[PDB]
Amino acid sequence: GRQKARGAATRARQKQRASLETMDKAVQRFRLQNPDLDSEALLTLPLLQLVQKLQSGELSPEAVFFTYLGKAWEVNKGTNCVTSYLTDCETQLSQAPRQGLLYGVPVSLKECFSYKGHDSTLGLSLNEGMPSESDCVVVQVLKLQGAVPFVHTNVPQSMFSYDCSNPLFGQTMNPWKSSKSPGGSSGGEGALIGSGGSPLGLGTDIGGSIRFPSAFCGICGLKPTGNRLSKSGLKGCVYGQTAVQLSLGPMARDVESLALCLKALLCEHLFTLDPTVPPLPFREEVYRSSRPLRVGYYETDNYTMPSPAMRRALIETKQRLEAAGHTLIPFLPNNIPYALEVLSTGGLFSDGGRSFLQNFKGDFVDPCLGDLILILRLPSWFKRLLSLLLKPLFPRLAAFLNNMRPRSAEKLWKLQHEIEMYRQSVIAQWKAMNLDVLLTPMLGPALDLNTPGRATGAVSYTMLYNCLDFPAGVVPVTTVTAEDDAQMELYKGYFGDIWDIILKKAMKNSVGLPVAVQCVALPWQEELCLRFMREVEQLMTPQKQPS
């Protein structure tokens, strides 16, 4: 019984095809009216300068919108990042509040951000042909700030993946190399922004979904503290799981864009539309601070062996920060294997994967999901038995499998309490070293298509911060050299299990691909996190800022 799944894919593909055709027509209509417009100059303007020219009236919102729309349509040809054109955006463009902080800015949205009249399929047949009836809160706030949300971008099926394919819209490809994943689950956003088709987008992240596509595609991304921004109207395939906090955040070409997006979102409109969000205004003085920092750092988490490019990106950033007067302090959050295997894995799959699996009933399982669905469908007794068998040779595989078993509400409370204690334990470590921020490696270079689903272990660098619920962002700092890439032949991983074997092959053939570092601060310290990211970007890529 795959006719239901086939029908949904046929309809989704027709809608995506019609969307792209509508974009093409609007772009051609505009271009014939504006032949002298310097499109390349407008497309390469950093967001801050684009916003200033829109606010002064130097650039019209139409020129900006239609030029980006044309670029999005062009880059989509080689990336397949766009699932839907938000058709009513041209009416929003004419009504954009003039004094809005993002006036005339086209914004791309990950498919899960509910947008009136459009599906949020998550690549699942069960959600095809069920359009949203209202804009989610952050979309309402973007519009109230004069921004023009224009496209829905692709996600891997269900979003529980750092790849970017689903049976409805297909596979999104990295704009730097077609054989590579753009990362995920905000992969469509990573590919679109990374190829210049959008100056700003929004993604979501429970295990690294903003950070993986930002790093793989060579753009900046911030995952705030879970409750810094409204999650009201965000479509997900599992609800009520609170142990591992989901967060939403900006993705863009530079750090200043992330800070402007955060400043525009953290306004009275957001706080009144969603009173559950603490009304914490963006602290400009914290973001703009030039005071020296006490930077904790690690070159490896001893769980996922860093690629030679990751290790060099980290070491070089560390050295530039030291030369700039910051204090670099070795720091490693305690019990990383326990935080990932017991707390994160157990938090995400407390019910054995039953709630998640309901979404796949009668659907195709995208190959980019690997054996995740097959593994989760196993009876609890069998996950326990197979875990006992795997334990002596492959303890990491045994530990994940054992922690993907269903449990009682009593055991969930115990797990939730352990998450709270673990959070305080890392805060205590941080305080004992008097850190301001933390610098870590970020997974990269981009993995080959269809390999993220077979290298689960590699979520270690990002997922730890969803478990801890700390703001964490990524900044591109270097590109893979042939030297770094040849060095992948000596890569063994710490465990030598299937995930390490996959990761070794998957990170090969990555010359010229972007590589990032991750910047972290304590809960509610997004402005300090961004101040540090701004520092990293300035020291490693000085051209990206006013020079």
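Numbers follow the displayed sequence, beginning with 1.
Mean C-alpha B-factor is higher over 427-435 than over the other stretch, the pair under comparison being 427-435 and 153-161. Relative to its counterpart among 397-405 and 163-171, 397-405 has the higher mean temperature factor, C-alpha atoms as listed in the PDB entry.
The PDB entry assigns its highest CA temperature factor, among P106, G184, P292, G233, to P292. Among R312, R377, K71, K110, the highest C-alpha B-factor recorded in the PDB entry belongs to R377. Placement of the Cα temperature factor of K318 within the chain: middle third of the modelled residues, per the deposited record.
Compared with the other modelled residues of the chain, the Cα B-factor recorded for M507 ranks in the lowest third. Ranked by Cα temperature factor within the chain, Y338 sits in the middle third according to the deposited record. Sorting the modelled residues of the chain by their CA temperature factor places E535 in the highest third. Among the modelled residues of its chain, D497 has a C-alpha B-factor that falls in the middle third, as given in the PDB entry.
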